[PDB]
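Quick notes on the structure that follows.
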Protein chains: 2
Amino acid sequence: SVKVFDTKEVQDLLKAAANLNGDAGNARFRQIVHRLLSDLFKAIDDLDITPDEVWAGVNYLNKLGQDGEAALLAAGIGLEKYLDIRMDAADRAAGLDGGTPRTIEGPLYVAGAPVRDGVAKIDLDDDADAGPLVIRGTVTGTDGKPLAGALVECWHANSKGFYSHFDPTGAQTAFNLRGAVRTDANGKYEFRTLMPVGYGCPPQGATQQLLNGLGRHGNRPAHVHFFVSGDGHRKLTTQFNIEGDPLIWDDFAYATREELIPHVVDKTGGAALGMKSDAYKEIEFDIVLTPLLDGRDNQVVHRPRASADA
Amino acid sequence: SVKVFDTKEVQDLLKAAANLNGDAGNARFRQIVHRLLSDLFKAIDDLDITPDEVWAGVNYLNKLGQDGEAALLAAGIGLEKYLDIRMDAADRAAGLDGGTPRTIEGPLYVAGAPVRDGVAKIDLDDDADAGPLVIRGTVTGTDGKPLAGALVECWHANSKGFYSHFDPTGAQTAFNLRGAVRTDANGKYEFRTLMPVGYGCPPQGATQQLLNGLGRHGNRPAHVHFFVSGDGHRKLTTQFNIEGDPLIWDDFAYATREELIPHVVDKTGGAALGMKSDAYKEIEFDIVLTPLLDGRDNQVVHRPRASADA
Ligand SMILES: [Zn+2]
Ligand SMILES: [Zn+2]
């Protein structure tokens with residue numbers, strides 16, 4: 001067995017490849033690339049990764065991008081959760097850890113949903129196998145005061161586990177099961193929707209291929225995603241899990257938090273809300289936002305996101 | 001900046017994501033994934049890589065695979081050269097460092113070229129801007145005796161810097177500038193071709209995008225690729241560079257070696273050889289192969305490769 005990482009030839013190659021001694025340029029980017037390349041080269045050296053293994057990994061990266069799944073893989077190997085862990089640690093160090101917990105966004109947000117006042121009905125497509133669901137709650141700040149005019153956005157899957165704009169069967173209308181509500185004067189919001197079923201990775205796709213190699217499933221428990229925002233407060237990325245889903249603590253993207261599992265309550269009187277049956281389920285999901293730090297939101301995330309027109 | 005990498009929560013997440021403790025999955029694959037993931041998480045912690053930075057990297061991985069350029073990036077950030085450095089070290093440790101030096105294959109080999117005995121004309125398409133070139137040499141073993149019936153394959157670019165089967169203009173015939181010759185009884189091979197000009201990355205592609213961010217060019221000096229094989233000997237991947245190219249020691253893929261820069265000789269008498277002018281250039285490139293180690297070729301590489309019919 002041979003080791004070459006700590007040799008002058010290898011260190012010169014890394015310096016050249018990242019252009020550390022180049023003209024003035026993007027020093028931060030060169031610093032990051034040098035670190036990632038150095039770590040990769042050292043891992044190849046330490047584990048004696050063969051050329052055949054490396055070229056299989058290179059081939060995998062081609063498939064990953066061809067499938068458009070790099071952000072799904074980021075969820076599946078815990079990187080997305082890891083970013084939340086680092087934001088959580090920064091919040092604890094600054095006393096901003098008293099609100100509704102964050103969790104991962106996932107890769108399926110779509111911008112452009114219509115904003116309603118107080119109540120939105122977001123099931124645009126018929127879904128016979130999904131029962132009616134009312135999600136409602138109150139938004140407050142950590143101080144305790146309800147927040148009027150706060151913007152509550154949600155998105156979730158249908159009974160086949162698919163999201164609109166990402167449904168491979170093409171069966172969904174634009175913005176089905178996606179919507180936004182401005183809270184009323186008492187901080188209240190309400191979504192009228194249908195019950196989600198859990199998501200699973202595209203079985204032929206790159207993420208599931210890698211999970212298969214690891215001996216891992218690619219499934220998520222049923223859940224609903226949220227963005228919540230409002231004047232004077234930081235933007236919350238969160239979700240809640242559907243109580244009783246047996247995958248709730250075995251999510252392939254590691255998103256579950258014990259504070260984010262509200263009760264599912266059987267109700268009647270559905271016709272008064274325009275639901276499709278008298279019997280329906282209600283989930284009360286109250287949300288607590290944190291104030292800005294020095295007038296700034298130190299944890300909002302910019303990433304590529306889909307958009308569409310109504 | 002927070003430091004969370006060493007915490008139990010993060011170490012547990014890494015063990016889960018790579019399924020180190022599961023019964024299922026490929027053991028070697030889980031080990032490699034855990035190492036790469038652990039190193040990535042530590043780098044993010046150490047350099048305080050922001051979520052915005054991480055998601056830009058994720059987006060880049062999508063573009064890289066969409067462009068089909070993972071193998072081109074592997075050459076461009078020195079990973080392909082690095083594999084050669086590790087193979088060279090193994091050969092030194094085993095006493096097998098006495099042949100013509102290896103260099104990188106690159107991503108543009110195509111299997112299927114018609115095999116000729118002794119001499120092959122490989123410029124099938126006219127190319128007015130490239131002058132005539134003869135490449136000839138003798139294949140020997142490390143003992144200095146000629147190897148008869150050894151297979152010498154070469155491939156190189158036209159005057160526009162493009163290879164057949166990878167020419168985005170579609171202008172080249174199958175196997176243009178791609179040869180395969182079996183050496184004669186005296187070990188000799190000869191190719192009659194045109195002079196290559198250097199390759200450059202697809203300018204809108206992912207590899208050049210990353211190089212642009214580093215402040216690096218994506219150009220190669222003019223060169224000719226070789227595979228050389230023969231019974232009882234290991235398969236050699238190598239190249240030679242055209243003497244005098246201004247980029248000869250500034251290859252973006254770091255492939256140049258001092259032993260692989262043969263002298264270019266001005267000749268006359270081209271018409272008798274079937275060349276398009278009386279004056280032509282000649283390059284003598286002798287090749288030394290190494291015998292098998294314990295009956296096996298311990299350095300042959302299996303990677304995805306194109307193929308075509310003549
Ligand atoms: Zn989801
Ligand atoms: Zn080349």
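Take region A:221-246 and flag every residue that is farther than 20 Å from A:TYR82 by Cα and among the aliphatic types (A, V, I, L, M). Hits for region A:221-246 are A:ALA222, A:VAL224, A:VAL228, A:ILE242. State which residue pairs qualify: first residue more than 12 Å from B:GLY187 (Cβ to Cβ) and among the aliphatic types (A, V, I, L, M) and inside region B:142-161, second residue more than 16 Å from ligand 1 (Cβ to nearest atom) and assigned to a loop (DSSP other than H, G, I, E, B) in any location, beta carbons under 6 Å apart, and separation of 6 or more residues or different chains. Short answer, once both residue conditions are applied: B:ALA157/B:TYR163; B:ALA157/B:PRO196; B:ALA157/B:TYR199. When region A:235-255 is limited to residues that are farther than 28 Å from A:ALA279 by Cα and assigned to a loop (DSSP other than H, G, I, E, B), the one that is farthest from ligand 2 (Cβ to nearest atom) turns out to be A:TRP249. For A:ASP129, the stated conditions do not hold, so it cannot be described as more than 8 Å from chain B (Cβ to nearest Cβ) and assigned to a helix (DSSP H, G or I). So which residues in region A:6-27 are part of a loop (DSSP other than H, G, I, E, B) and either more than 7 Å from chain B (Cβ to nearest Cβ) or β-branched (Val, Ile, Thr) (or both)? Within region A:6-27, A:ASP6, A:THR7, A:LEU20, A:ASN21, A:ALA24 meet the criteria. Checking A:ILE104 against (1) touching a helix residue (DSSP H, G or I) at 6+ places or on another chain (Cβ under 7 Å); (2) of a type in the set (A, V, I, L, M); (3) part of a helix (DSSP H, G or I); (4) more than 7 Å from chain B (Cβ to nearest Cβ): exactly one of these is not met. Which one? (3) is the only condition that A:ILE104 fails. When you go through (1) away from ligand 1 (no atom under 15 Å from the Cβ); (2) not in a loop (DSSP other than H, G, I, E, B) one by one for A:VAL224, which number turns out not to apply? If we test A:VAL224 against (1) away from ligand 1 (no atom under 15 Å from the Cβ); (2) not in a loop (DSSP other than H, G, I, E, B), just (1) comes out false.
Does A:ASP143 count as out of contact with any strand residue (DSSP E or B) (no Cβ under 6 Å at 6 or more places or on another chain) and under 28 Å from A:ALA279 (Cβ atoms)? No.
Screening region A:55-101 for residues that are under 16 Å from A:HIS225 (Cβ atoms) and part of a loop (DSSP other than H, G, I, E, B) and picking the one that is nearest to the other protein chains (Cβ to nearest Cβ) gives A:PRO101. Screening B:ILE287 with (1) in contact with a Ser or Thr (Cβ under 6 Å, 6 or more places away or on another chain); (2) within 14 Å of another protein chain (Cβ to nearest Cβ) gives one miss only, at (2). Filtered by the rule that a residue be of a type in the set (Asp, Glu) and surrounded by fewer than 19 Cβ atoms within 10 Å (Cβ to Cβ), region A:89-101 gives a lone residue, A:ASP97. Condition (residue is β-branched (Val, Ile, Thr) and surrounded by fewer than 17 Cβ atoms within 10 Å (Cβ to Cβ)) applied to region B:284-294: is it met by at least one residue? No: zero hits. Inside region A:251-269, residues that are within 16 Å of ligand 1 (Cβ to nearest atom) and either charged (D, E, K, R) or farther than 22 Å from A:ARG192 by Cβ (or both) make up a count of 7.
Here B:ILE104 meets the list (1) surrounded by 13 or more Cβ atoms within 10 Å (Cβ to Cβ); (2) aliphatic (A, V, I, L, M); (3) under 19 Å from B:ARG182 (Cα atoms) almost entirely, failing just condition (3). Anything in region A:191-217 that is among the small types (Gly, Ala, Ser) and surrounded by fewer than 21 Cβ atoms within 10 Å (Cβ to Cβ)? List them, or say none. Across region A:191-217, the qualifying residues are A:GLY198, A:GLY200, A:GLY205, A:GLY213, A:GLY215. A search for C-beta distances below 8 Å between a residue of region A:46-65 that is more than 16 Å from B:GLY76 (Cα to Cα) and any residue that is part of a helix (DSSP H, G or I) and among the charged types (D, E, K, R), counting only pairs 6+ apart in sequence or on different chains, returns A:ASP46/B:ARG35; A:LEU47/B:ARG35; A:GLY65/B:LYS63. Taking first residues from region B:96-119 that are aromatic (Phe, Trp, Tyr) and partners that are more than 16 Å from ligand 1 (Cβ to nearest atom), the Cβ contacts under 6 Å between residues at least 6 apart in sequence or on separate chains come to B:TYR109/B:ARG305.
A count restricted to region B:206-234 and to residues that are in contact with a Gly (Cβ under 9 Å, 6 or more places away or on another chain), of a type in the set (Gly, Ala, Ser) and away from ligand 2 (no atom under 14 Å from the Cβ) stands at 5. Within region A:227-250, the presence of a residue that is small (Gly, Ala, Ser) and either within 14 Å of ligand 1 (Cβ to nearest atom) or buried (at least 22 other Cβ atoms within 10 Å of the Cβ) (or both) is excluded. Restricting attention to region A:257-310, the residues that are farther than 17 Å from A:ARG102 by Cα and among the hydrophobic types (A, V, I, L, M, F, W, C) add up to 11.
Cβ atoms come from the backbone with ideal geometry, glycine included; neighbour counts cover every protein chain shown. Taken together, the values in this text are just the output of simple stated rules run on the coordinates, not laboratory data.
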